[PDB]
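K.L.:
What follows is a single structure, and I will ask about it in a moment.
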Amino acid sequence: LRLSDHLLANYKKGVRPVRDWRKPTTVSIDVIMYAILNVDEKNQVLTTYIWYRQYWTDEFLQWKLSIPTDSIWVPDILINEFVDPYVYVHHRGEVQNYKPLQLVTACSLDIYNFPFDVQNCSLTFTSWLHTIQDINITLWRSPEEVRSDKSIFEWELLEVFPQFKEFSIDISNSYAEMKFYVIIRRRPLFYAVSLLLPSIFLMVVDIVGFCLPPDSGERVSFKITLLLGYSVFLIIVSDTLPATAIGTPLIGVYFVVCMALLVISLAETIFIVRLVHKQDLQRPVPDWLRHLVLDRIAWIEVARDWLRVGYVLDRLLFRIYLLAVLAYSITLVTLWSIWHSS
Amino acid sequence: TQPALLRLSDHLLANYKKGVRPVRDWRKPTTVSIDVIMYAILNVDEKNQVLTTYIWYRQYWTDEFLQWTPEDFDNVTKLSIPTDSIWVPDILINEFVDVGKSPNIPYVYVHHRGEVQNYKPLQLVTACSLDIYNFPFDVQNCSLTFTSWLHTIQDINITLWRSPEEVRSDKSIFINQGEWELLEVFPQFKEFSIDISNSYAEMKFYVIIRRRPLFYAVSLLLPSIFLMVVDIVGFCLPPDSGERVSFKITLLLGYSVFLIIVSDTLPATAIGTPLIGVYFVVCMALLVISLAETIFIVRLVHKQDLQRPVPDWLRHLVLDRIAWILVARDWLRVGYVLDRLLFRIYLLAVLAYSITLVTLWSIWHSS
Amino acid sequence: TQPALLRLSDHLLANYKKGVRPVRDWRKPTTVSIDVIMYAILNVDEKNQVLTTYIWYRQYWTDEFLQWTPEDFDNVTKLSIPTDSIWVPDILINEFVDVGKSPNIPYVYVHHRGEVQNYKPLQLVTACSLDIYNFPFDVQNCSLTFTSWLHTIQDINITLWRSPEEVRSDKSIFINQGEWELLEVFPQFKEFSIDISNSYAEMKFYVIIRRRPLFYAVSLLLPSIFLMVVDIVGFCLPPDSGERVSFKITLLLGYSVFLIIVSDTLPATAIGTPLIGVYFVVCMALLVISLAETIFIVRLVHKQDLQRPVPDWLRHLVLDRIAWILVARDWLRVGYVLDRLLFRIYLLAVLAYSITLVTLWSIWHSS
Amino acid sequence: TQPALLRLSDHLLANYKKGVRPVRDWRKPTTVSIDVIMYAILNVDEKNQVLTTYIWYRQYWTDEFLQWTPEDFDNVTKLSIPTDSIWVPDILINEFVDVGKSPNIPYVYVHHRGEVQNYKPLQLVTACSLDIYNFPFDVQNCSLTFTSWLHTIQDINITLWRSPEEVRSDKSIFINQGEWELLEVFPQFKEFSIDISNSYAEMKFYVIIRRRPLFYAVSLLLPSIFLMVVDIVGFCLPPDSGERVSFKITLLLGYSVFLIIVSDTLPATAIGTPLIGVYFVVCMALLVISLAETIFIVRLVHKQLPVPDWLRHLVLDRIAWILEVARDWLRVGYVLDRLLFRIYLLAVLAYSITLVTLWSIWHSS
Ligand SMILES: NCCc1c[nH]c2ccc(O)cc12
Ligand SMILES: NCCc1c[nH]c2ccc(O)cc12
């Protein structure tokens, strides 16, 4: 009890421990990651669980002692991109600080590879107000060699490595910047089942629908039901994939491409249904665009007028849709290869 | 005591009282200089109220009790002492709904002439006016006001550390990510007085903000126009006694899904739904009317039913409305002419929808 | 000489002991006038029955130790004593389930006669009843009980700064743009006694609020009405025709999705579900029953599976039904009477839904 | 002259020092009565294994240094002393995780015989083992232990202000319209000792909370059973080789939306998913299998190949006993579709049975 009274008398919080104020103090911090947490995909902020572990170098306190955090000085080393009591002090001249934190740090998020995304984010360390001409953050050891190889970890933590430069930080002329880039990976299984699994069947059922007779009215009902299916799947699209200034990911483009393609197919099918003997109306073609289109096809009552053109247009659209499906498959293969590479 | 930093700090904080305002004459109000630099507007979340933002905040007021003269002390020109030892003005936001989670930092700089610098980040959450009538092409005008919560004008006064024209166009450190882009910050100085004649000092920072609708356009708009163009052929291309019974209900369910999608991302507000939602409701009503028409004039009601006398004065109307616009046979003719009328109404509705989307885009771009 | 403020603050705070109730006679209670201004209703959580609201709170008590003659201290009649340096009473809301992220105001005005004014913004997370039987046309009242945690009437007595009418009809700074509209704030003071000699002062503010249902009406009421209307009008199709089968199938798919998201959207409390959830699940059951009727119809005529069996239950039940409403052929007649019965049931259900909506709106608008 | 309250407070705290046990004698201990009243169960995070409550915790210890004759201080028989100027028992919670944000009450009465009372609201966050295997019909049993911390009895003897019967039915102030229903608060007294030399004193405020399933009845159970019935009637209605693939994929999309809602509603634990997530996943798997088989059969029949004959013998012998070369393919597709329908009916029967069994266990409490 009386030990604290003696030590607290000859100590001031506001002053830096220095023999002379010209000499700059040295502060060391080692960042410990654990249990990576949810990342808000909106490209605004990500939340992670961290351990601080700050080590000091020189203090004018000499005589294990436990003291409240308000009885010893703690430097205001914080994070530049940052949003949202017992002290382990030794009599030899070293102090230890134990406190868990959540960064909830703002960063730049990449969605263009959803859901197989391996994005990079930074953890910059500095002091918000200190000029840091005397409290530089030169570290005790280099975390590059030791931290990178192994760590103690819906998201996967992959690699955290440091990087330093002298002059930086925009709040003031701050000498403290030891950036901690963070690499994370996402579990895609739930996202795969929720998005890719129902969508890929929406690519193969439409192929099956092309086997139906184009002139038959049953294909119209099939396309109507698939249009309702895309209407329903739009809810999944809106709920699952996030919003970003870059827009929808590379997967989201193919969804609207296939929806537009099926809309065009349905419109063509309905037009052919009208123009075949169901309604016909002896409607003639100008015979100019007809022969032009026939010449284009040449390289890779009222029956032949409409049935042939409808069939060839349906075959062309089926080829286009199969090409779109192949592009989708290639995109997923490439995304999975690049994500599993990391 | 050889470094004498302890001596300097204890000399400045010897007879200093934190609670007393630092003025030699009590009749002179203390003037606070405010600098606000935007960082992000992350997590706008619900659009009924609330606006989350991150700013970098500064304060510059002169303390007359910390005017220690140099050339006799350690010859320093800059001292840092904890914020818990000096008087700090009670500057607060009127819309200060949530304090948020921000690191409260000590050690405000104190100059050798007494000037105090109070750099501090603020993770603000404020309540402002959010008009979603033009969604997704939305531009919002939210206020970040700063005022003394309890001190009056003759106690605390508010000024700007830099001229307003510098504040408007100094979005330097702002990160240009997320769905929202900051356009303008407008500082204005309007006094505050609610009940009695104790004049307050209030400064308004009008944060003009803009939304990027690219994702929203791709996700919600382009499918909507696809359903419009499906309806346009659907009214005229499929004839009666066909698949129209399933067609109209399927597109009606699609429009209902569109209303659902608009609803989930847009919270309840004094305005019911944006203009796009109003047009979706109108198209749903038109589809209901078309379905009622088809069922009532085709199939079991009229096509299968026989010897049902249908008179009325509508045949007198079609002798004139068909000129203005341009029992089985009678039923087919009346169904066809009313279907053409519904075609014209829906074509007008789609034209109005496209025109209003163009108008909203023009307003959003010309902001 | 010393500044006027420093001398006055030293004179007031010398030999001043907080934690002692500032009265020169301990037998007279300290009257703490209370005034509350409602600023915003941040959130009304029916899940946890907690009301999140933001109010501007003012206190008013007389400290008999902080009295000074204005003739001295250079004619000063007001000060800024820190809050944590004097006696501040123990009034707090009994309904707290969370303190809230309310900023602290470290200053008060002490007048030259001892009158102390406390201004602070309170972010309240308080428990309520939150009956959702009338959703969306929902009117709810919440109490804000201000009483001292452990001070009786003989120690602390709570009154109103303003007259009850002024508190009731304030509507000054409230944000009239959210989901909830503030109807009134009803203050009334009742002495609360746990026993015969431990009466406690208590002030109750009744925050009566009213939801804005236009958004919910457009999002939920219009689609959920159009869908049942088209379901009614689709019974005009022949019961035995296969065109109704696809109609029923796709209507089932769309309406099932619609109800999935609706049931996700609707709130739920301990009492159960709103009055419209009953009609929604009733329509669920009715649509399932209609599809089962189609199942029975299709198997009769699509194949020869049901042609061989004959009705063993006879027409007695069917005869009673046709009296109440007013081999194949027999099965088709059974299908027709069941279809007519389901038509009556749908008509009754939709009529009841419309009457319920009208009654809910009339209750909501009247009060 | 001097105010009675001011003079009395000056006299009481002049010789008083915080940190020393108020009992003048060095032998007999300091009894500390306790009275805990539950107000609300704010949050139960099963993933983090933290129980967030809100109690009204009261202490009644008879201080000995705060004794005064009323006749000497203008008949003041009761005084309000700041809680930071006198000794207060250091009773903490053994299951402590976080203290939360609770209002600060800085006053405590002392009577003319030194009878201090300390009422305080606590937004406690405690760690208790939570099992969600019976969601939403789950009954939890979370402890609440108040310990002596520094003192090792014969200094502080924690006792109850009221008998366990009074504290058991503390529903006079509870907000009983939330998700969790407070069943009982049963206190248990037991002494634990680090060493045989001396023992500690503690209480065990067993708090049993039962979840109200009516919150999720319309959100999960009714939509789930509606989708089960819809899947059944969608197996029944369309022909197996007919125009069903479009309807089946629309149904699959709807049920995937339902699973999105479920994942946004159900809670997650390190133990695993509740008993209904298994049924949801099983129904998804069977629906996907049915859609894939129907797609395969329709593709083969529209291909126009007759039978592999490595399975026809077993299908006729075994698979057929569930109860034009493409015609045999259509028949075997129909047989497998009927088998899948029977499997789905068995699965929905199991789902219906387990819900009543879970409800009965929940109702048994
Ligand atoms: N910035 C608000 C200052 C203010 C002026 N009048 C008030 C009345 C109550 C209150 O809490 C605050 C105020
Ligand atoms: N002085 C008010 C004490 C108090 C607070 N909450 C209470 C609830 C019930 C009661 O009898 C008393 C109280």
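Note on naming: chains are A, B, ... as they come in the structure tokens, residues start from 1 per chain, ligands start from 1 in the order shown.
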Compile the residues of chain A that lie within 9 Å of chain D, evaluated using only C-alpha atoms, and express the compilation as number ranges by chain.

P.N.:
A: 193-195, 198-199, 201-202, 204-206, 208-209, 211-212, 218, 221-223, 225-226, 228-230, 232-233, 235-236, 239-240

K.L.:
If you run DSSP on the backbone, which residues of segment 133-263 of chain D are strand (DSSP E), as a ChimeraX atom specification?

P.N.:
/D:139-142,145-147,156-160,180-195,198-211

K.L.:
For ligand 2, collect every residue having any atom at a distance of at most 6 Å from a ligand atom (counting only C-alpha atoms and all ligand atoms); output as a PyMOL selection string.

P.N.:
chain C and resi 94+148-151+194+200

K.L.:
If you superpose chain B onto chain C over the full set of Cα atoms in sequence order, what number do you get for the RMSD in Å?

P.N.:
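For chain C versus chain B, the C-alpha RMSD is 2.1 Å.
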
K.L.:
Produce as a PyMOL selection string the set of residues near ligand 1, where near means within 9 Å with only C-alpha atoms and all ligand atoms considered.

P.N.:
(chain B and resi 91-95+146-152+192-196+198-202) or (chain C and resi 35-37+55-58+118-122)

K.L.:
Hey, what's within 10 Å of residue 17 of chain A if we count only C-alpha atoms and toss same-chain stuff fewer than 5 positions away? As an mmCIF file with N, CA, C and O atoms, in the first residue's frame, please?

P.N.:
```cif
data_model
loop_
_atom_site.group_PDB
_atom_site.id
_atom_site.type_symbol
_atom_site.label_atom_id
_atom_site.label_comp_id
_atom_site.auth_asym_id
_atom_site.auth_seq_id
_atom_site.Cartn_x
_atom_site.Cartn_y
_atom_site.Cartn_z
ATOM 1 N N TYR A 11 6.394 11.704 -9.677
ATOM 2 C CA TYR A 11 6.059 11.324 -11.044
ATOM 3 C C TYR A 11 4.966 12.245 -11.562
ATOM 4 O O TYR A 11 3.947 12.436 -10.892
ATOM 5 N N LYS A 12 5.180 12.807 -12.749
ATOM 6 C CA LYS A 12 4.202 13.656 -13.413
ATOM 7 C C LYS A 12 3.800 13.025 -14.739
ATOM 8 O O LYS A 12 4.656 12.590 -15.517
ATOM 9 N N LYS A 23 16.660 14.907 -26.112
ATOM 10 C CA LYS A 23 16.721 13.487 -26.439
ATOM 11 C C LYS A 23 15.336 12.969 -26.811
ATOM 12 O O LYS A 23 14.358 13.279 -26.120
ATOM 13 N N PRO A 24 15.207 12.189 -27.884
ATOM 14 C CA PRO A 24 13.902 11.626 -28.247
ATOM 15 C C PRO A 24 13.647 10.277 -27.593
ATOM 16 O O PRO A 24 14.515 9.404 -27.537
ATOM 17 N N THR A 25 12.427 10.113 -27.089
ATOM 18 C CA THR A 25 12.024 8.847 -26.496
ATOM 19 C C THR A 25 11.786 7.800 -27.582
ATOM 20 O O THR A 25 11.512 8.116 -28.743
ATOM 21 N N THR A 57 10.584 1.908 -23.133
ATOM 22 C CA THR A 57 12.040 1.852 -23.112
ATOM 23 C C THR A 57 12.673 2.550 -21.919
ATOM 24 O O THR A 57 13.527 1.955 -21.260
ATOM 25 N N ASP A 58 12.282 3.790 -21.619
ATOM 26 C CA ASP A 58 12.956 4.564 -20.584
ATOM 27 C C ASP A 58 11.943 5.372 -19.787
ATOM 28 O O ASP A 58 11.166 6.138 -20.363
ATOM 29 N N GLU A 59 11.960 5.196 -18.465
ATOM 30 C CA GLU A 59 11.156 5.989 -17.546
ATOM 31 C C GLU A 59 11.980 6.288 -16.302
ATOM 32 O O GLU A 59 12.868 5.516 -15.930
ATOM 33 N N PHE A 60 11.681 7.415 -15.661
ATOM 34 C CA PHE A 60 12.375 7.796 -14.428
ATOM 35 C C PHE A 60 11.624 7.309 -13.189
ATOM 36 O O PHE A 60 11.360 8.059 -12.252
ATOM 37 N N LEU A 61 11.297 6.018 -13.171
ATOM 38 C CA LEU A 61 10.571 5.405 -12.063
ATOM 39 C C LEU A 61 11.342 4.175 -11.605
ATOM 40 O O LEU A 61 11.370 3.159 -12.308
ATOM 41 N N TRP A 73 1.948 7.006 -17.097
ATOM 42 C CA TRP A 73 1.750 7.613 -18.405
ATOM 43 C C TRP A 73 1.626 6.550 -19.489
ATOM 44 O O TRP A 73 2.348 5.549 -19.489
ATOM 45 N N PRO B 3 15.912 18.258 -16.014
ATOM 46 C CA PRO B 3 15.175 18.606 -17.242
ATOM 47 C C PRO B 3 14.199 19.748 -17.042
ATOM 48 O O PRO B 3 13.933 20.502 -17.987
ATOM 49 N N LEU B 5 11.134 19.979 -16.967
ATOM 50 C CA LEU B 5 9.800 19.895 -17.551
ATOM 51 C C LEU B 5 8.745 19.767 -16.460
ATOM 52 O O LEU B 5 7.663 20.361 -16.558
ATOM 53 N N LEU B 6 9.049 18.999 -15.412
ATOM 54 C CA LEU B 6 8.167 18.937 -14.253
ATOM 55 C C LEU B 6 8.019 20.310 -13.613
ATOM 56 O O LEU B 6 6.916 20.704 -13.215
#
```

K.L.:
Tell me the residues of chain B close to chain C, meaning within 6 Å using only C-alpha atoms, as number ranges by chain.

P.N.:
B: 19, 24, 48, 98-99, 246, 253, 268-270, 272-273, 300

K.L.:
Find the residues near residue 342 of chain D: any atom within 10 Å, counting only C-alpha atoms, skip ones fewer than 6 places away on the same chain, and give them as a PyMOL selection string.

P.N.:
chain D and resi 232+235+322-323+336+348

K.L.:
Write the residues of the preceding selection, restricted to N, CA and C atoms, as a short mmCIF file (atom, residue, chain, number, x, y, z; two decimals), in the first residue's frame.

P.N.:
```cif
data_model
loop_
_atom_site.label_atom_id
_atom_site.label_comp_id
_atom_site.auth_asym_id
_atom_site.auth_seq_id
_atom_site.Cartn_x
_atom_site.Cartn_y
_atom_site.Cartn_z
N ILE D 232 -44.37 -30.60 -51.24
CA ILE D 232 -45.16 -31.82 -51.38
C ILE D 232 -46.12 -31.70 -52.55
N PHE D 235 -44.31 -31.85 -55.83
CA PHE D 235 -44.06 -33.22 -56.27
C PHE D 235 -45.33 -33.84 -56.84
N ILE D 322 -41.42 -49.43 -53.30
CA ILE D 322 -41.47 -48.34 -52.33
C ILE D 322 -42.72 -48.44 -51.47
N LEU D 323 -43.85 -48.79 -52.09
CA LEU D 323 -45.11 -48.93 -51.37
C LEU D 323 -45.11 -50.19 -50.51
N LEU D 336 -38.10 -43.16 -59.67
CA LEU D 336 -37.21 -42.41 -58.79
C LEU D 336 -37.87 -41.15 -58.25
N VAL D 348 -40.63 -34.68 -43.87
CA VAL D 348 -41.55 -33.70 -43.31
C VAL D 348 -42.31 -34.29 -42.12
#
```

K.L.:
Write out as a PDB file with N, CA, C and O atoms, in the first residue's frame each polymer residue whose atoms come within 6 Å of segment 123-140 of chain D, counting only C-alpha atoms; drop sequence neighbours fewer than 6 positions from it.

P.N.:
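Contents of part_39.pdb, freshly written:
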```pdb
ATOM      1  N   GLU D  46     -25.377 -16.143 -27.800  1.00  0.00           N
ATOM      2  CA  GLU D  46     -24.918 -17.519 -27.643  1.00  0.00           C
ATOM      3  C   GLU D  46     -23.600 -17.760 -28.365  1.00  0.00           C
ATOM      4  O   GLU D  46     -22.829 -18.640 -27.965  1.00  0.00           O
ATOM      5  N   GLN D  49     -21.202 -16.411 -25.886  1.00  0.00           N
ATOM      6  CA  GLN D  49     -21.411 -17.002 -24.562  1.00  0.00           C
ATOM      7  C   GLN D  49     -21.450 -15.930 -23.473  1.00  0.00           C
ATOM      8  O   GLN D  49     -20.814 -16.051 -22.424  1.00  0.00           O
ATOM      9  N   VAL D  50     -22.206 -14.866 -23.731  1.00  0.00           N
ATOM     10  CA  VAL D  50     -22.365 -13.767 -22.786  1.00  0.00           C
ATOM     11  C   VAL D  50     -23.849 -13.509 -22.571  1.00  0.00           C
ATOM     12  O   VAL D  50     -24.628 -13.444 -23.528  1.00  0.00           O
ATOM     13  N   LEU D  51     -24.239 -13.375 -21.307  1.00  0.00           N
ATOM     14  CA  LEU D  51     -25.607 -13.057 -20.919  1.00  0.00           C
ATOM     15  C   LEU D  51     -25.649 -11.619 -20.422  1.00  0.00           C
ATOM     16  O   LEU D  51     -24.981 -11.281 -19.441  1.00  0.00           O
ATOM     17  N   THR D  52     -26.434 -10.781 -21.093  1.00  0.00           N
ATOM     18  CA  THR D  52     -26.586  -9.381 -20.716  1.00  0.00           C
ATOM     19  C   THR D  52     -27.900  -9.212 -19.965  1.00  0.00           C
ATOM     20  O   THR D  52     -28.973  -9.477 -20.516  1.00  0.00           O
ATOM     21  N   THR D  53     -27.814  -8.770 -18.717  1.00  0.00           N
ATOM     22  CA  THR D  53     -28.971  -8.602 -17.851  1.00  0.00           C
ATOM     23  C   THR D  53     -29.043  -7.164 -17.350  1.00  0.00           C
ATOM     24  O   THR D  53     -28.278  -6.291 -17.766  1.00  0.00           O
ATOM     25  N   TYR D  54     -29.988  -6.929 -16.444  1.00  0.00           N
ATOM     26  CA  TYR D  54     -30.122  -5.642 -15.768  1.00  0.00           C
ATOM     27  C   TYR D  54     -30.802  -5.914 -14.435  1.00  0.00           C
ATOM     28  O   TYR D  54     -31.993  -6.233 -14.403  1.00  0.00           O
ATOM     29  N   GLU D  95     -18.688 -14.707 -12.348  1.00  0.00           N
ATOM     30  CA  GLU D  95     -18.870 -14.864 -13.783  1.00  0.00           C
ATOM     31  C   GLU D  95     -18.705 -13.551 -14.539  1.00  0.00           C
ATOM     32  O   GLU D  95     -19.248 -13.405 -15.640  1.00  0.00           O
ATOM     33  N   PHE D  96     -17.974 -12.595 -13.967  1.00  0.00           N
ATOM     34  CA  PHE D  96     -17.850 -11.271 -14.560  1.00  0.00           C
ATOM     35  C   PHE D  96     -17.176 -11.338 -15.925  1.00  0.00           C
ATOM     36  O   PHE D  96     -16.180 -12.040 -16.113  1.00  0.00           O
ATOM     37  N   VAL D  97     -17.735 -10.598 -16.882  1.00  0.00           N
ATOM     38  CA  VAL D  97     -17.139 -10.451 -18.205  1.00  0.00           C
ATOM     39  C   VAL D  97     -16.946  -8.967 -18.486  1.00  0.00           C
ATOM     40  O   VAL D  97     -15.839  -8.521 -18.810  1.00  0.00           O
ATOM     41  N   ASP D  98     -18.023  -8.196 -18.363  1.00  0.00           N
ATOM     42  CA  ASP D  98     -17.973  -6.754 -18.539  1.00  0.00           C
ATOM     43  C   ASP D  98     -19.014  -6.163 -17.600  1.00  0.00           C
ATOM     44  O   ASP D  98     -20.021  -6.810 -17.298  1.00  0.00           O
ATOM     45  N   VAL D  99     -18.767  -4.936 -17.137  1.00  0.00           N
ATOM     46  CA  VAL D  99     -19.695  -4.302 -16.208  1.00  0.00           C
ATOM     47  C   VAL D  99     -20.783  -3.523 -16.935  1.00  0.00           C
ATOM     48  O   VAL D  99     -21.819  -3.209 -16.336  1.00  0.00           O
ATOM     49  N   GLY D 100     -20.585  -3.213 -18.212  1.00  0.00           N
ATOM     50  CA  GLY D 100     -21.562  -2.441 -18.945  1.00  0.00           C
ATOM     51  C   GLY D 100     -21.580  -0.990 -18.494  1.00  0.00           C
ATOM     52  O   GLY D 100     -20.728  -0.522 -17.737  1.00  0.00           O
ATOM     53  N   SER D 102     -23.880   1.530 -16.501  1.00  0.00           N
ATOM     54  CA  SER D 102     -24.973   1.631 -15.550  1.00  0.00           C
ATOM     55  C   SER D 102     -24.946   2.999 -14.889  1.00  0.00           C
ATOM     56  O   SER D 102     -23.876   3.598 -14.738  1.00  0.00           O
ATOM     57  N   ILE D 208     -32.803 -19.022 -14.416  1.00  0.00           N
ATOM     58  CA  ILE D 208     -33.299 -19.888 -15.478  1.00  0.00           C
ATOM     59  C   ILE D 208     -34.249 -19.061 -16.331  1.00  0.00           C
ATOM     60  O   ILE D 208     -35.287 -18.593 -15.848  1.00  0.00           O
ATOM     61  N   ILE D 209     -33.895 -18.880 -17.598  1.00  0.00           N
ATOM     62  CA  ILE D 209     -34.685 -18.104 -18.543  1.00  0.00           C
ATOM     63  C   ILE D 209     -35.171 -19.033 -19.643  1.00  0.00           C
ATOM     64  O   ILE D 209     -34.422 -19.895 -20.117  1.00  0.00           O
ATOM     65  N   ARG D 210     -36.428 -18.867 -20.040  1.00  0.00           N
ATOM     66  CA  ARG D 210     -37.037 -19.684 -21.078  1.00  0.00           C
ATOM     67  C   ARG D 210     -37.438 -18.797 -22.246  1.00  0.00           C
ATOM     68  O   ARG D 210     -38.097 -17.771 -22.054  1.00  0.00           O
ATOM     69  N   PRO D 213     -41.251 -18.928 -27.949  1.00  0.00           N
ATOM     70  CA  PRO D 213     -41.189 -19.309 -29.365  1.00  0.00           C
ATOM     71  C   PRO D 213     -42.156 -18.555 -30.261  1.00  0.00           C
ATOM     72  O   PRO D 213     -42.038 -18.664 -31.489  1.00  0.00           O
ATOM     73  N   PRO D 274     -28.884 -25.527 -34.680  1.00  0.00           N
ATOM     74  CA  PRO D 274     -30.014 -26.124 -33.955  1.00  0.00           C
ATOM     75  C   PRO D 274     -30.586 -27.346 -34.657  1.00  0.00           C
ATOM     76  O   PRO D 274     -30.093 -27.759 -35.710  1.00  0.00           O
ATOM     77  N   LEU D 275     -31.634 -27.933 -34.075  1.00  0.00           N
ATOM     78  CA  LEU D 275     -32.198 -29.164 -34.616  1.00  0.00           C
ATOM     79  C   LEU D 275     -32.999 -28.935 -35.891  1.00  0.00           C
ATOM     80  O   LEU D 275     -33.295 -29.901 -36.603  1.00  0.00           O
ATOM     81  N   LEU D 358     -39.905 -31.066 -29.136  1.00  0.00           N
ATOM     82  CA  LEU D 358     -39.212 -29.901 -28.596  1.00  0.00           C
ATOM     83  C   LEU D 358     -40.165 -29.011 -27.809  1.00  0.00           C
ATOM     84  O   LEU D 358     -39.794 -28.466 -26.764  1.00  0.00           O
ATOM     85  N   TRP D 359     -41.394 -28.845 -28.302  1.00  0.00           N
ATOM     86  CA  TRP D 359     -42.372 -28.028 -27.595  1.00  0.00           C
ATOM     87  C   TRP D 359     -42.742 -28.644 -26.252  1.00  0.00           C
ATOM     88  O   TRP D 359     -42.912 -27.925 -25.262  1.00  0.00           O
ATOM     89  N   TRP D 362     -39.986 -27.939 -23.786  1.00  0.00           N
ATOM     90  CA  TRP D 362     -40.084 -26.535 -23.405  1.00  0.00           C
ATOM     91  C   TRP D 362     -41.291 -26.290 -22.508  1.00  0.00           C
ATOM     92  O   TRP D 362     -41.208 -25.531 -21.535  1.00  0.00           O
TER      93      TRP D 362
END
```

K.L.:
Find the spatial neighbours of residue 153 of chain A, counting only C-alpha atoms, within a cut-off of 10 Å - ignore same-chain residues fewer than 5 positions away - and output them as a list in words.

P.N.:
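Selected residues are residues 32, 33, 34, 35, 36 and 158 of chain A.
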
K.L.:
Save the residues we just selected, N, CA, C and O atoms, as a PDB file, in the first residue's frame?

P.N.:
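The resulting again_8.pdb:
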```
ATOM      1  N   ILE A  32      -0.658  -8.092 -32.282  1.00  0.00           N
ATOM      2  CA  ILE A  32      -1.002  -9.509 -32.248  1.00  0.00           C
ATOM      3  C   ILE A  32      -2.434  -9.665 -32.739  1.00  0.00           C
ATOM      4  O   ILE A  32      -3.370  -9.148 -32.117  1.00  0.00           O
ATOM      5  N   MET A  33      -2.604 -10.388 -33.843  1.00  0.00           N
ATOM      6  CA  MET A  33      -3.919 -10.625 -34.422  1.00  0.00           C
ATOM      7  C   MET A  33      -4.534 -11.873 -33.806  1.00  0.00           C
ATOM      8  O   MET A  33      -3.814 -12.783 -33.380  1.00  0.00           O
ATOM      9  N   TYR A  34      -5.864 -11.909 -33.754  1.00  0.00           N
ATOM     10  CA  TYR A  34      -6.579 -13.073 -33.251  1.00  0.00           C
ATOM     11  C   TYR A  34      -8.049 -12.939 -33.609  1.00  0.00           C
ATOM     12  O   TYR A  34      -8.646 -11.884 -33.376  1.00  0.00           O
ATOM     13  N   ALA A  35      -8.622 -14.003 -34.174  1.00  0.00           N
ATOM     14  CA  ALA A  35     -10.061 -14.107 -34.414  1.00  0.00           C
ATOM     15  C   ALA A  35     -10.563 -12.947 -35.280  1.00  0.00           C
ATOM     16  O   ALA A  35     -11.297 -12.064 -34.831  1.00  0.00           O
ATOM     17  N   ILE A  36     -10.109 -12.960 -36.537  1.00  0.00           N
ATOM     18  CA  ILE A  36     -10.603 -12.000 -37.517  1.00  0.00           C
ATOM     19  C   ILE A  36     -12.126 -12.040 -37.540  1.00  0.00           C
ATOM     20  O   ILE A  36     -12.745 -13.106 -37.442  1.00  0.00           O
ATOM     21  N   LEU A 158      -4.706 -14.224 -43.249  1.00  0.00           N
ATOM     22  CA  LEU A 158      -3.666 -14.867 -44.040  1.00  0.00           C
ATOM     23  C   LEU A 158      -2.274 -14.336 -43.717  1.00  0.00           C
ATOM     24  O   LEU A 158      -1.386 -15.115 -43.360  1.00  0.00           O
TER      25      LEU A 158
END
```

K.L.:
Do a neighbour search on segment 268-274 of chain A at 10 Å with only C-alpha atoms, toss out local chain neighbours closer than 4 positions, and write the hits as a PyMOL selection string.

P.N.:
(chain A and resi 214-217+219-220+223+262-264+278-281+306-307+309-311+313-314+317) or (chain B and resi 233-234+236-239)

K.L.:
Extract the full set of alpha helix (DSSP H) residues from segment 183-258 of chain C according to DSSP on the backbone, and format it as a ChimeraX atom specification.

P.N.:
/C:214-216,222-233,243-258

K.L.:
Work out how far atom CA of residue 103 of chain D is from atom CA of residue 19 of chain D, in Å to one decimal.

P.N.:
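The value is 23.6 Å.
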